[PDB]
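Peer 1: experimental structure below, sequence on top.
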Amino acid sequence: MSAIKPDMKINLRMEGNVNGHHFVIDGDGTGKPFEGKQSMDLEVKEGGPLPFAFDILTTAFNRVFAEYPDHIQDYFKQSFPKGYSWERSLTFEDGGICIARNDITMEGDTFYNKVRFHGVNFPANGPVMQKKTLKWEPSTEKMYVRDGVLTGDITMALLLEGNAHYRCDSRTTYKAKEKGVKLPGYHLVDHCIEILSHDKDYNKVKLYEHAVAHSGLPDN
Amino acid sequence: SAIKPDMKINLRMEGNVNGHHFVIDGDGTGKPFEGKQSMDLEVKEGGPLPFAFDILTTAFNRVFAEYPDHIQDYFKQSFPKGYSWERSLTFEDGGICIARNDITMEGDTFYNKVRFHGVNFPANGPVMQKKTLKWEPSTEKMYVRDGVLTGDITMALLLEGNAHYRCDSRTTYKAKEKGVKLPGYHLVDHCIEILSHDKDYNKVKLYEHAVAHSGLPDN
Amino acid sequence: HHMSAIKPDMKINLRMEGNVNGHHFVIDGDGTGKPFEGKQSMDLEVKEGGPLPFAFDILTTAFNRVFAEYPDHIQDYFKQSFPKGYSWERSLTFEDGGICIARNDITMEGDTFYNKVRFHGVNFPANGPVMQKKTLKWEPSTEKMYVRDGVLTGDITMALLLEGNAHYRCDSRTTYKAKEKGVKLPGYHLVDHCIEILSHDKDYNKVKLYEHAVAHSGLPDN
Amino acid sequence: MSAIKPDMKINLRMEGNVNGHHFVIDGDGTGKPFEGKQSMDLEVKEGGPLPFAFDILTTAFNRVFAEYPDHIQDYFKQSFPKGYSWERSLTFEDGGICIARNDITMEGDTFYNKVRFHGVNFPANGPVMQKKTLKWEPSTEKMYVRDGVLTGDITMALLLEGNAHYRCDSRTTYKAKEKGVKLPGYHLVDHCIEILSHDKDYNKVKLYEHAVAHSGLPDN
Ligand SMILES: O=S([O-])[O-]
Ligand SMILES: O=S([O-])[O-]
Ligand SMILES: O=S([O-])[O-]
Ligand SMILES: O=S([O-])[O-]
């Protein structure tokens, strides 16, 4: 009966374009949906080595991996077996702007992800093209309903070389495939994403994320 | 050393939104180390306010935040000298607000010289029409930007009709005593609430609670 | 410093592949124009994805700055970018959250320019003017051309006229990069724009587009 | 039918607070409304010398000084003799944000301007606090009505040392004092502001503006 199982697999294919540079990246990972933890092994098939910081791709690599408590409606786990899809905009503080789409589907213990990524106006001397990023700092997403659609806004920062921070503002719009899926009320989703390991050219990447939902102070 | 477990709070706030001057006085208390604080507010001039009182609340001290041991408390170490902050509020309908505050301490009480200015609020907007309900809980991102500690918040106002209203805020904190160590990147959980008020919002009770943390998985 | 190889009467060969709100489409373009008068006209034709569930207007500026009246006192970065050609990247930010990215690779071969165009929009509200197709007209705008991070960049403040006398704000930044080296960067200058849909069918499967652009250096010398 | 003379005098006094620095500037000049030109001598009464770039203030130092054609409704000259007021937000690309107000009342032959200005969050090493600005480039104001109010949005740029540019996005709201003043349609207003002369620390500044209203191409 259960559409969401304790241990599930993740199959992902990304096709993208940043500043004209086409790229194709494959993923194959595992995760625990009810614990909000997933890990994935990536491998760029085309366009390696990448000319930009790999970090800007990480959040495009499923909120069905998040620990939802009882008092908050879990929109994403209720979206399967049919699945869902999202759209995202990434506005960086130095002009660089990205859009991204993902169409998620399920078969058995496996999620399938059709991911698209596009970025423009990234300056050559910028920390993205200079590859001076280190990690995404831990963040907190704001979930709320906007125009009948579950939307998530995140203020977010990249750690740069030299104790500097690089600002990125994101908006995601989630839409279930099935009709009649209960939209949740306002809530927060704490995030944490990390590159566990990589080779020199970032042709091989192991990514890990942890996400938890809550109602904020003083409920958490 | 300079901050007692219980403190008194005094706040004078003059402002202008859409050409409307106003003067508000605040007298309340709070326990800094526990991260909680309360305050009674009175519109001594400009009442009744033709705009939603909620936009003023965040202007009405991060020293009232529960900081752990593993995170540098830049605000509690800014005393007895005190500190200042500037702020910019950017609402989604075009309304822009700026604010500043000088925080001092003579004895056991906190003195706050706050100013507030807001422009370009739409007439039928949820602010000038008082369609707001409360500030939804948020998370401030603390990080050093150009040698100055900076807090950025994506906060949302709950409106009437189960709708939310966007506001992006950037605050720059500056300690008076030169030498106060800047903290690393960290988060500050926030929850603000109007506990009680009258019809025309002349007398208002405000309450806050702030907890600092390292985020996942250290929170 | 060399011959632009751009004759006063040029042709345009365009093909756009794009995605908006998950909806995929393919559009082809055929038109003519005069680079020295800063005027051009094109016949668009939705090959795939028709009919478009969104406003056609958001696509129109994606459908070449080589068609702009540049005075000889202002450096014409685009005309001197040929015969090698150039390419641009653009971000479109609407006031309701909708964000578009677009890029065009422009080449010249003989008498005709060629455009490989891509367009991507996200986060448009279901009841916004775009998805409801309540747009009417691109108001005349002025693009601010200047070198930024060693790259010629243009910033505009655009507005769509809606039904009911309302305006739909949009902020656009375009970056321009030449394929050949040695092309001189211009100083700050303005570019006046006026794009207009002259004719179309009901479902906008076939559209007739027109642009007129004139560069200048603002008051008082304009 | 508005009692606006071809040659008018301008009286002005600004009180402001940028970066915590309080200041007072007085202004006295003349202008030609139907030719859209105006000149003004400025004097720093308090706060001198200003620790920030003077250029960020000049845009605040009256749109009746704009040449309007006959096919465009001149909302500003139709607001007198009762006068009008405006509000403005200045958003810079580096985080610096300014608000500004002015109440304009006409007393016979002289225009009076009660101006207020406030600026926050300017980086210590930005071109403003370092005073690296050279001038405002000529721009174009997009006038249109939003929620029953005349509004102008401008993409303007400050020329910096080395011929770099410093972006600023601005929005102004105009409100006539008298009820039922006919709102104009979408039109453009070309601007140029130029500091003609100044003293060492900008305590005395000669300012000039030239504004012309039009309806864009091909009317240009
Ligand atoms: O970033 S780490 O905590 O996964
Ligand atoms: O803690 S308060 O929200 O009751
Ligand atoms: O308008 S002034 O810059 O000649
Ligand atoms: O160029 S005219 O047709 O707007």
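Peer 2: Right, received. Where do you want to start? Numbering: from 1, shown residues only, chains lettered A, B, ... in the order given. Ligands and ions are numbered 1, 2, ... in the order given.

Peer 1: now do the contacts for the most centrally placed residue in chain A.
Peer 2: The centre of chain A sits closest to residue A:59, judged by Cα atoms, centre = their mean, with a distance of 2.7 Å. Shown in contact with residue A:59 (Cβ atoms under 8 Å, 6 or more residues apart in numbering or on different chains): A:88, A:136, A:170, A:193. (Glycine included, C-beta is placed from N, CA and C.)

Peer 1: let me know the secondary structure of it.
Peer 2: Residue A:59 falls in the helix class when you classify it by DSSP: H, G, I helix; E, B strand; the rest coil.

Peer 1: the host helix or strand of residue A:141: partners in the sheet, and parallel or antiparallel?
Peer 2: Element membership of residue A:141 [criterion: DSSP states H and E] is strand A:139-146. Using DSSP bridges, strand A:139-146 pairs in its sheet with strand A:149-160 (antiparallel), strand A:187-191 (antiparallel).

Peer 1: report the buried residues of the last one.
Peer 2: Neighbour-count burial for strand A:187-191, with 16 or more other Cβ atoms under 10 Å in any protein chain shown as criterion, is recorded at A:187, A:188, A:189, A:190, A:191.

Peer 1: can you give me the neighbour number for whatever residue of chain A ends up closest to ligand 3?
Peer 2: Relative to ligand 3, the nearest point of chain A is residue A:95 (28.4 Å; Cβ to the nearest ligand atom). Residues near residue A:95, counting by other Cβ atoms under 10 Å in any protein chain shown, number 21.

Peer 1: what is the burial count for the closest residue to it other than its chain neighbours?
Peer 2: Nearest residue to residue A:95, sequence neighbours excluded (Cβ to Cβ, 6 or more residues apart in numbering or on different chains): residue A:121, at 4.7 Å. For residue A:121, the count of nearby residues is 25 (other Cβ under 10 Å).

Peer 1: please apply the same query to residue A:125.
Peer 2: Here the number of neighbours of residue A:125 (other Cβ under 10 Å) works out to 9.

Peer 1: may I have the secondary structure class of it?
Peer 2: coil.

Peer 1: got the contact list for residue A:115?
Peer 2: Applying Cβ under 8 Å, 6+ apart, the residues near residue A:115 are A:12, A:13, A:14, A:15, A:60, A:61, A:100, A:101, A:102.

Peer 1: near chain C, which residues of chain A are found?
Peer 2: With Cβ under 8 Å from any Cβ of the partner chain as the criterion, chain A meets chain C at residues A:17, A:19-20, A:85, A:87-89, A:91, A:95, A:97-101, A:116, A:118-121, A:123-126, A:146-149, A:171, A:173.

Peer 1: the spatially most distant residue from the centre of chain A and residue C:209, how far apart?
Peer 2: Distance from the centre of chain A peaks at residue A:1, with 27.8 Å (Cα atoms, centre = their mean). Using Cβ to Cβ, to the nearest Å, residue A:1 is found at 55 Å from residue C:209.

Peer 1: within range of chain B, give me the residues from chain A.
Peer 2: Contact residues (Cβ under 8 Å from any Cβ) of chain A with chain B: A:137-140, A:142, A:144-146, A:153-155, A:157, A:159, A:163, A:165, A:167, A:169, A:186, A:188, A:190-192, A:210-212, A:215-220.

Peer 1: buried ones only from those, please, as a PyMOL command.
Peer 2: Command for PyMOL that selects the buried part of the residues of chain A next to chain B, burial taken from 16+ other Cβ under 10 Å:
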select buried, chain A and resi 137+138+139+140+142+144+145+146+153+154+155+157+159+165+167+169+186+188+190+191+192+210+211+212+215+216+217+220
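
Peer 1: tell me what residue A:84 is bridged to.
Peer 2: residue A:104, residue A:176.

Peer 1: how about residue A:168?
Peer 2: Residues in beta-bridge contact with residue A:168 (DSSP bridges): residue A:92, residue A:156.

Peer 1: Three-state assignment for the residue in chain A positioned nearest to ligand 1, please.
Peer 2: Of all residues in chain A, residue A:194 sits closest to ligand 1, at 3.3 Å by Cβ to the nearest ligand atom. When classified by three-state DSSP, residue A:194 comes out as strand.

Peer 1: list the contacts of it.
Peer 2: The contact partners of residue A:194, by Cβ under 8 Å, 6+ apart, come to A:135, A:136, A:207, A:208, A:209.

Peer 1: can we see that at 10 Å?
Peer 2: A:39, A:58, A:135, A:136, A:138, A:206, A:207, A:208, A:209, A:210 (Cβ atoms under 10 Å, 6 or more residues apart in numbering or on different chains).

Peer 1: bridged to the nearest residue to the fourth one once chain neighbours are set aside, which residues?
Peer 2: For residue A:136, the nearest residue in space outside its immediate sequence neighbours is residue A:193; the separation is 5.2 Å by Cβ to Cβ, 6+ apart. Here residue A:193 shows beta-bridge partners residue A:209, assigned using DSSP bridges.

Peer 1: what's around residue A:193, how many residues?
Peer 2: 21.

Peer 1: that one against residue A:135, yeah?
Peer 2: Yes - at 8.1 Å, residue A:193 counts as touching residue A:135 under the criterion of Cβ atoms under 10 Å.

Peer 1: quick one: the strands in chain A, in order.
Peer 2: Here chain A has its strands, by DSSP state E, at A:8-18, A:21-32, A:37-46, A:84-92, A:97-107, A:110-120, A:133-136, A:139-146, A:149-160, A:164-176, A:187-191, A:193-198, A:204-210, A:212-214.

Peer 1: pick the most deeply packed of those strands.
Peer 2: The highest average neighbour count among the strands of chain A, using mean count of other Cβ atoms under 10 Å in any protein chain shown, belongs to strand A:187-191 at a mean of 24.

Peer 1: close to ligand 1, is that strand?
Peer 2: No - Strand A:187-191 stays clear of ligand 1 (Cβ under 6 Å from any ligand atom), getting no nearer than 9.7 Å.
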